[PDB]
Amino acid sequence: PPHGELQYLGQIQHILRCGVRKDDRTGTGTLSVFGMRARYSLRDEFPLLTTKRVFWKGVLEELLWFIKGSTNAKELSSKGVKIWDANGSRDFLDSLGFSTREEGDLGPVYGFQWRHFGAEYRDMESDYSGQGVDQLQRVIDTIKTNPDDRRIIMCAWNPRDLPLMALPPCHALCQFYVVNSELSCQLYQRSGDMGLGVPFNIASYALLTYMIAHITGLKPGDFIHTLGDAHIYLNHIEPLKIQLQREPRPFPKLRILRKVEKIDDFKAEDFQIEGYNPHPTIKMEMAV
């Protein structure tokens, strides 16, 4: 087979050549296309992109915090991972009109929705225990008890909650599906920062599928990535033109280091990325 990384590089090239120029909320400007699809195998490989060093600590800390149910950027920041920080700052918060919120309180984003869909948000500090729908645990429970079920969904798109989010979910909705003894996942990504977010988001969902496969006794299958609004910010064009000239090296493997029973017990130290040989880091700026 060809390297799966070529799909992503394919997507980049496609946007650079035929994407429309639009204005955007962030002021940066973008090139954008609508409606793309890639399929990354998870069978004895893991799609951490190799044409640039991806911040793997970032992906892994990020997801654990999602699982944790946290909406507090500083709880992520404590770990070495400054990715959510700008969306959670005094400045940004004030520019959305959220003058009462504390520094780092992103609103009812991913963690809250994955774990407590439907609950009344208050602040990142509240104890939301027992409240809302625990979509994640229900996914796991469905995979174990009725793997043939056609409703195995986790949705972060909460239209009621939209007005309180520092930012509405880019990765809006996933579906898992079991065939033979393999667990697959399809992500519907309504909005894809192709330069910065998407490398993270791909690894993020591949890693989630690995975790759920581990605790359900399934083997991981495919991660299918459906994009809606896929954009390159203009300050990413030159950076990605550098990236486009690199040859993918073989994807690494993800190793899980102990039998873990419940999604909540996973710790950063339970994972090891083996045989990851990326090209150098390419600094790209985050559009705020």
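Residues carry their position along the shown sequence, with the first being 1.
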Between the two ranges 119-127 and 196-204, the one averaging a larger CA B factor in the entry: 119-127
Mean temperature factor over C-alpha atoms, higher-scoring stretch between 254-262 and 215-223: 254-262
Out of 179, 185, 152, 136, residue topping the C-alpha B-factor column of the entry: 179
Candidate residues 87, 99, 191, 175, the one whose C-alpha B factor the record puts highest: 99
Third assignment of residue 246 from its chain's C-alpha B-factors: highest
Relative C-alpha B-factor of residue 9, binned into the chain's lowest, middle or highest third: lowest
Lowest, middle or highest third - CA B-factor, residue 15: lowest
Entry-reported Cα temperature factor of residue 71, expressed as the chain third it lands in: middle
Entry-reported Cα temperature factor of residue 27, expressed as the chain third it lands in: middle
